[PDB]
């Protein structure tokens, strides 16, 4: 049956209710960037080296000083219990099995503590939204610290929610039994009520003082903003267009990655998300200077198939595709994945 990530999406469409599948699938507005996040990867071509000896391929690397089994991590996707009863608990259990990290959404259908308890040995980070209520925001950070999370990914591209047309048509909301467990389109209205449109670099200063945990700015698309993040003492940049769900018509993340890598001058790690579906996508992102990539939608499709097992299957497929791509490219380990491997 399911042998690549595209197969998992197709299966998910057949088993999920339309409103739930559309919530997960959709981009903003006409979905121009959604298509481009995938198409852009295909424009970057590979220039493999032969006869390098790839008998022993080592996929391991590090994210903010913590070892991972591969440069492929789970990105924050809200409300995972819509896809499978076990939701974020299934996800964290799979990450623990694989030896990779899970970024937990602030809008999760499972708590910061429920997830630490299900995956005590897993590498775990918290994705933070800055709520109008700074006390709520502090509590989330403090819980992350107490429960053994290793970094804060602060999302900086969402002063308001993007306009996803299917969610408006469907009047999207949670199924009746579910809740965000740490507290038109229903989600757009929620954001308007809860999330602060005023946040500025001064609020990053506040956050930097609040915690000693590593902080990564998630959603940066400009080199000038990346340099400002470095100036504020942040510890990484996640080059992201929010899975094409915020401003439509921004570039693909693979296309802006080189500008951002250049701008930070090696001072902090740079990551990527948006459109990663294949092992060659991962290879391309590393050749252009990313330390690791995050996957969003593929994880939700794993859940929709078979919960924990379906997430593990998706991560295993990406791991094996990546291993093969490295080997066929002449790369024994991630340290030798260089810029001459790709051209646009």
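We call the rigid core the largest set of C-alpha positions that still match within 1.5 Å between the two forms. Residue numbers count along the first chain shown, from 1.
Take 189 to 197 and 74 to 82, fit the other structures onto the shown form by the rigid core, and average the C-alpha distances in 8 other deposited structures of this protein: the farther stretch is 189 to 197.
Across the other PDB entries of this protein whose models span the neighbouring residues, residue 203 is modelled without exception, so it is unmodelled in far fewer than a third.
Modelled in this chain, residue 184 is nonetheless absent from a third or more of the other compared entries whose models extend past it on both sides. The entry models residue 183 and residue 184 with a gap of 10 or more deposited residues left without coordinates. Legend: mean Cα B-factor per stretch from the PDB entry, 272 to 280 versus 296 to 304; the higher mean is in 296 to 304. Judged by mean Cα B factor in the deposited record, 17 to 25 ranks above the other of 323 to 331 and 17 to 25. Looking at 216, 221, 103, 136, the one whose CA carries the top B-factor in the deposited record is 136.
The residue among 237, 247, 174, 72 whose C-alpha atom has the highest B-factor in the PDB entry is 174. For residue 310, the recorded CA temperature factor ranks within the middle third of the chain's modelled residues. The entry lists a Cα temperature factor for residue 142 that places it in the highest third of the chain's modelled residues.
In the deposited entry, the Cα temperature factor of residue 251 places it in the lowest third of its chain's modelled residues.
Residue 187 sits in the highest third of its chain by CA B factor, as recorded in the PDB entry. Sort the chain's modelled residues by C-alpha temperature factor and residue 148 lands in the highest third, per the entry.
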